[PDB]
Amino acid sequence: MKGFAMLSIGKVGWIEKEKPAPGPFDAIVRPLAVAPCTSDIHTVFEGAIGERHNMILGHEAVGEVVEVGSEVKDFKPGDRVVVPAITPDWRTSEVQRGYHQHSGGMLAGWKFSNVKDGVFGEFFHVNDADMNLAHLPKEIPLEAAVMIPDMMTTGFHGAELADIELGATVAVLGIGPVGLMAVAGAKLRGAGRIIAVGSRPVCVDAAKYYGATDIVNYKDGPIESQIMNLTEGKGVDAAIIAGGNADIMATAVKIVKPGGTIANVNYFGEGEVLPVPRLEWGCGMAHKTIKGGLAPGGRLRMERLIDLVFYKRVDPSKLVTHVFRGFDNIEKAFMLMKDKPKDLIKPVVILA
């Protein structure tokens, strides 16, 4: 009944809450491994989605089922499961339109640490267990598995939105844990040249590991003119935004060729307007499609990504640089996300 929660905007700390009870279709899960996200920094310290009061944080968890509702059919207590960060209500009009990420409202499929208590507690509540849980194979280590709920689905969704054709040249703007899975996702969509944009040397090494053929550091100059030289004025076929300020939107439109695609998965927390360059967008007519999506969730998304991990299509363990232990280290791993060490990509806290 203890959990690390967001007291208000700019203030965090442990609180005490009632242990959640499952509905007939729900499950209660105790976490075996969790991970903090930059998104919890964007909501706490930037108030990007408004004010909260005593909301448990955290949304990336592999856990063990301890209680199921009278209608749960595919999960028993004791089952080890990968919980997706997006756990929608599956009976809404948006699902019938094909957008479960927005089931019941904009971004409403994202429930943990948004409009529902997160996984940073001795237990948490997963709604619609048969639809929003996936069994964890015994062959996948806990550290790699906890990268599936959020980092892998978001990074891969960026590659999916980019509509990569075989052999296409892809740029990945941002090589944090999300952008690194975007680099992997691009390679899984059969990209040829993958140009990664970042600075931290631990991120640059992992980007090459996941298939980046070129590294672009802003120290050499503006990223726009730097990538344009790599492409001899042609540009990239797609640019995946996985970090940066609102101005990175303008950088993306400038480096993508006409007919190319700008695929955003970045959570912009500050700024009122995301700039789109009029001239580099063809004054409205360059066919530079812009996409920006919340990562898919639910049981099928996790099962699909479990197979990709299982059959060795992507190894997410290289995202995990720091492994803590014990509930108390949740606060420390969370604070590592506010001020990132230079040797950090993604921390993981193991609990049992």
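Numbering starts at 1 and follows the sequence shown.
Inset, instruction - Could you settle it for me: does 20-28 or 327-335 have the higher average Cα B factor in the PDB entry? - result: Higher mean C-alpha B-factor: 327-335.
Inset, instruction - Averaging only over Cα atoms, indicate whether 152-160 or 119-127 has the higher B-factor in the PDB entry. - result: The recorded data point to 119-127.
Inset, instruction - Return the residue from 313, 42, 299, 291 that has the highest Cα B-factor in the entry. - result: When the deposited C-alpha B-factors of 313, 42, 299, 291 are compared, 42 is largest.
Legend entry - Chain-wide C-alpha B factor ranking for residue 307, given as lowest, middle or highest third: It belongs to the lowest third of the chain when residues are ordered by C-alpha B-factor.
Inset, instruction - Sort the modelled residues of this chain by their C-alpha B factor and say whether residue 217 lands in the lowest, middle or highest third. - result: As the PDB entry reports it, the C-alpha B-factor of residue 217 lands in the highest third of its chain.
Legend entry - Record-listed C-alpha B factor of residue 174: chain third: Tercile = middle for this residue's CA B-factor.
Legend entry - residue 269, C-alpha B-factor rank within chain (lowest, middle or highest third): It belongs to the highest third of the chain when residues are ordered by C-alpha B-factor.
Inset, instruction - Rank-wise, by C-alpha B-factor, drop residue 97 into the lowest, middle or highest third of its chain. - result: Its C-alpha B-factor belongs to the lowest third of this chain's values.
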